[PDB]
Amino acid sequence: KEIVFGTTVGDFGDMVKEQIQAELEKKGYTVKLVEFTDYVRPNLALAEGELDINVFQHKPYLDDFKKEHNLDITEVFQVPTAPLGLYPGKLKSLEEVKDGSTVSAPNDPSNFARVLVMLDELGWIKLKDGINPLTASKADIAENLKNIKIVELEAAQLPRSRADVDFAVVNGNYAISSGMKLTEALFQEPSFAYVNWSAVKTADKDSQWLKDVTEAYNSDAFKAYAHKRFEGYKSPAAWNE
């Protein structure tokens, strides 16, 4: 039985090659890894049969993506996840924010929402009462207190954008793969709602191979490796640590 994984470049792929693959080969499986630069192809490849499982996204992204693209896919288990941070760009500290400061943000709706929530936590904008934080959008801004100019970019552009904007809100996987350190962030997202999940075609939910993959990502050996290899990452809720 060959299990084909798709991940983004970097940390999630290293998990497969450095730990999970050997655990699954012990049980008789072969393992293939396909890495993707972007957040858009992996669910489509999964749904079209080119992958058996992907590991790259949080559940708000998945729920939105599979509804919009009408994909019969579902989350399975969580994985250690590099958290979201607001990082110094042309400006190096939060106190330096000015009226009109620029903040770069990913341009897809579920990750853009995270930026609006962070900016509201910082007091730089104010969101309307009673909104759904997972779908926060420009229409939900009650007042742009500091007249922040939000510069929307494709997610992979955010590390580079630090040259062009005062502050950059950078997804963890792209921060790590560009050599950014999580400790460089001026403000980290407090939420745990965006710890990432693996996803499969719904038809494969009860499969023996997926049971064995799930066990591999929850073993004592994997937890010990993850705590050493991926310091500062947010853990699966089920690890209850």
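We number the residues from 1 along the sequence you see.
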Comparing 91-99 with 68-76, which has the greater mean CA B-factor as deposited? 91-99
Can you let me know which of the two, 5-13 or 223-231, has the higher average C-alpha B-factor in the entry? 223-231
Using only the C-alpha B-factors in the record, can you name which of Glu48, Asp38, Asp63, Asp52 has the highest? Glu48
Criterion, highest CA B-factor; candidates, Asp108, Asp164, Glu121, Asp129: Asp164
Check where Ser177 lands among this chain's C-alpha B-factors and tell me if it's the lowest, middle or highest third. lowest
C-alpha B factor of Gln188, ranked within the chain: lowest, middle or highest third? middle
With respect to C-alpha B-factor, does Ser207 fall in the lowest, middle or highest third of the chain as deposited? highest
Within-chain third of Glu154 by Cα B-factor, per the entry: lowest
According to the PDB entry, is the CA B factor of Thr214 in the bottom, middle or top third of its chain, that is, lowest, middle or highest? middle
